Number of protein chains: 2
Amino acid sequence: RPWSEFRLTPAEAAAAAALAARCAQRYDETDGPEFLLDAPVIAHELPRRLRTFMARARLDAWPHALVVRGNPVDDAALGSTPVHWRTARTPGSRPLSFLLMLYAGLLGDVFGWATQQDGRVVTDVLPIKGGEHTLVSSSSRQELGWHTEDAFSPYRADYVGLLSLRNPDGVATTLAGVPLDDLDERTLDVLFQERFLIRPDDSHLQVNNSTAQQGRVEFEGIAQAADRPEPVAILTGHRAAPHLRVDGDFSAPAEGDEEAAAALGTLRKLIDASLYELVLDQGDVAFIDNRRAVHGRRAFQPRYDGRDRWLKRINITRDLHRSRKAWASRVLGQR
Amino acid sequence: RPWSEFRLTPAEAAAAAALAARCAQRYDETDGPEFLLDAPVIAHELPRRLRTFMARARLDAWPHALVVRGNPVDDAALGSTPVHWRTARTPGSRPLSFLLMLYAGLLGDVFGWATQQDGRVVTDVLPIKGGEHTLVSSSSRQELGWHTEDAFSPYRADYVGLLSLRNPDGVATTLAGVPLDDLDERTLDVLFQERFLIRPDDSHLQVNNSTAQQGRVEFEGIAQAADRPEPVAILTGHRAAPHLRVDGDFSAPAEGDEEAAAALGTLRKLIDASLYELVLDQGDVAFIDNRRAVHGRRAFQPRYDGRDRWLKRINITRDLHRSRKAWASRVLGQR
Ligand SMILES: NC(=[NH2+])NCCC[C@H](N)C(=O)O
Ligand SMILES: NC(=[NH2+])NCCC[C@H](N)C(=O)O
Ligand SMILES: [Fe+2]
Ligand SMILES: [Fe+2]
């Protein structure tokens, strides 16, 4: 498989769950300053075989994601799937939010965005009625097209963490790496040049945040990136193992640059044809390598009956200080 | 103080020492592939108050270094200071090398350079007879001028770790941060521009490595950086908290750029005047923030009697994959 996989034993999974439940008893909130600081050290108490997997697999050269299977979830304890992210911090989902945060702390520094879901660090992926055909993660009937998370931003996550609270119909997450087996050298050369434009996705729009949040100055920086994007490369790093920065629904060539456009159009077709599926069943956790892979989610028919697919999500950076200019409480944004 | 300081209790220090001694009993070498992979997880067993300090202090906005005082060292067990780094992996220093590696694993991914001390990850700082007036860390009578470690390279460490095995005369390490209180806006503007040159320091020269190592192809890349340096900036990141890349003895303006030269000359004088001292006594460990601070070492008169000042040293990155293009066994270099 193109990702690295780990399966908890039932005893390991129970121990991790018990640690998260203890955290939920001892801290008021996952995003509070106290748990943000303490979670990386508390995670040292997770099952050792899991800590070994996370410490080693992050350093491997090849995986598109790190996948951990087998966390127990009881639908009766979890409760119904919220109708909106605003009300999605339910008591039934609270221990599992702490659990995701603990796993994330083994990989890096967690953070959020002032412009996304009210600046929350642990965010929610669930279908919002009336928002089926949008470009944000609360879509359903329209596929979420492949993209680098927050491609517009130099401060985008290194890893995107996902914990599947429920997914009864097995809706697939989509992934693709760099199609290096099919990129000719000239096309590769062009993709490494600063000849492309990449704008903020719709999740950072004020209409996708609560009222009283539309006044955050960080939305100004989002407007600047959408109205005046600066040219950037799509590929960076080692030509034999490039890092990837692209959004299928927001990337464009520089104005009038037809050679850049040809390279991007070629890349689109290669990624479309190599896109593959990862199904996060209930209790599965994935950390997607946001430099090696683009990701999306298949179209699906929402239920709106209380048992819709529901993920918790978290952004992770290897170095919080890389985003110093955007520090707005572990919440990023710029004027 | 401009750095963040932690002092082990005697019991904490004994526990950390016992963990390192166990590591030395169970692994053949500090730089072996096995201990390189295992050390970050073994470090989870270090005293919890120290793990809390390392997890929190790395995320603070201000410190130039993280300093840990109080590791016991017995000069009789340690043995005499080696006459050269080649023979400096003595049994008496072996547990303390494991200890430095364990501490380092709390901060990031350790690595070495094919061109420096035979590609070792744990390296040695000690005075080499006849090499008193050099630009490398085995100098003595000539001050080691302030510099960003491996300023020439985009793959330079985020943190430089130092463990003082002995320092009987209290010779000071030197540090300085960005002199932001005195840089006018125009000078700051220029330092943020790609108008400077920075060449590899003498530690990467073949004459400062063993024979049979002069044939490594990685020395080719060092020659390229010294013969054909590309223009770079000295400051990057947030204008209110810039990251720093400069070498007092190897930085230069771009050819004929007199405004760049004025900015660099101004920066030199401000750093000279703000340089301060940190004395690593026997058993003290420091992790210098190589993005916030330049560092050096005061001139001193070497002894050459077996009790000279002696440090173990290690390079740390927050993200090993940033250097993928230079991956040569956790040892970096390029053709
Ligand atoms: N091509 C796209 N749809 N890009 C935007 C992706 C959606 C965004 N990451 C979200 O969480 O809502
Ligand atoms: N200005 C300088 N002396 N630069 C080079 C510093 C010495 C180098 N870091 C070493 O370990 O030997
Ligand atoms: Fe995404
Ligand atoms: Fe140094």
Side-chain angles (χ1 to χ4, degrees), chain A residues 65 113 116 123 125 135-139 143-151 156-157 159-162 173-176 201-204 246-250 278 280 286-290 293-297 311 313-315, chain B residues 65 85 112-113 115-117 120 123-128 131 133-140 142-153 156-157 159-162 173-176 198-205 207-209 226 245-252 268 271 275 278 280 286-290 293-297 299 311-315:
Chain A
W113 303 84
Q116 192 165 12
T123 60
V125 176
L135 304 169
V136 296
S137 54
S138 45
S139 62
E143 175 155 21
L144 184 65
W146 52 259
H147 63 278
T148 306
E149 194 79 359
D150 297 308
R156 62 201 182 277
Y159 300 92
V160 176
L162 301 166
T173 304
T174 60
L175 296 167
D201 68 74
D202 288 355
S203 78
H204 292 260
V246 68
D247 185 310
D249 300 290
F250 291 96
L278 168 70
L280 302 174
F287 298 96
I288 301 167
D289 187 321
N290 200 41
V294 293
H295 78 272
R297 184 226 64 239
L311 322 175
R313 179 169 65 171
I314 192 166
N315 280 312
Chain B
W85 56 258
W113 303 84
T115 47
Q116 192 165 12
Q117 301 191 15
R120 284 170 180 181
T123 60
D124 292 87
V125 176
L126 45 73
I128 290 169
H133 302 276
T134 72
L135 304 169
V136 296
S137 54
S138 45
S139 62
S140 56
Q142 181 166 285
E143 175 155 21
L144 184 65
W146 52 259
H147 63 278
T148 306
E149 194 79 359
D150 297 308
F152 80 100
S153 177
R156 62 201 182 277
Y159 300 92
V160 176
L162 301 166
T173 304
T174 60
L175 296 167
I198 181 66
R199 304 195 162 80
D201 68 74
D202 288 355
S203 78
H204 292 260
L205 291 174
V207 74
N208 295 119
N209 286 260
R245 180 193 186 170
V246 68
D247 185 310
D249 300 290
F250 291 96
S251 285
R268 276 188 166 104
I271 292 181
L275 197 75
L278 168 70
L280 302 174
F287 298 96
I288 301 167
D289 187 321
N290 200 41
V294 293
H295 78 272
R297 184 226 64 239
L311 322 175
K312 298 284 173 175
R313 179 169 65 171
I314 192 166
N315 280 312

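In what follows, chains carry the letters A, B, and so on, assigned in the order in which the sequence lines appear, proteins first and then strands, with residues in each chain numbered from 1. One-based numbering, in listed order, for ligands and for the atoms of each. Atoms considered below: every heavy atom in the structure, side chains included; atoms not considered: hydrogens, waters and symmetry mates.
- Residues forming a side-chain hydrogen bond (donor to acceptor under 3.5 Å, both in side chains) with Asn315(A) (at least two apart in sequence, or on another chain): none.
- For the pair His295(B) (side chain) and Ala176(B) (backbone), a donor-acceptor distance under 3.5 Å is absent.
- For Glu149(B), the N/O/S atom at the shortest distance from the Fe ion (ligand 4) is named OE1.
- Atom CG of residue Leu278(A) and atom CZ of residue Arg297(A) lie 14.0 Å apart, to the nearest 0.5 angstrom.
- With sequence neighbours left out, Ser251(B) forms a side chain to side chain contact (heavy atoms under 4.5 Å, CB included) with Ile198(B), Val246(B), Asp247(B), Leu264(B), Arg268(B).
- Taking a heavy-atom cut-off of under 4.0 Å, ligand 2 is surrounded by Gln116(B), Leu135(B), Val136(B), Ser137(B), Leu144(B), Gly145(B), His147(B), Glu149(B), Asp201(B), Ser203(B), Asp247(B), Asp249(B), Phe250(B), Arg313(B).
- Centred on the Fe ion (ligand 3), the NE2 atom of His295(A) and the NE2 atom of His147(A) lie at an angle of 120°, reported to 10°.
- Annotation: the span from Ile288(A) atom CD1 to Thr148(A) atom OG1 amounts to 11.0 Å, rounded to 0.5 Å.
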- Going through the checks in order, is the salt bridge (charged side-chain N to carboxylate O under 4.0 Å, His left out) test met by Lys312(B) and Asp124(B)? CA-CA 5 Å; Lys312(B) 298 284 173 175; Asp124(B) 292 87; 2.8 Å; yes

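- Shown here are the salt bridge (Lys or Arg N to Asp or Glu O under 4.0 Å) partners of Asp289(A), two or more places apart in sequence or in another chain: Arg292(A).
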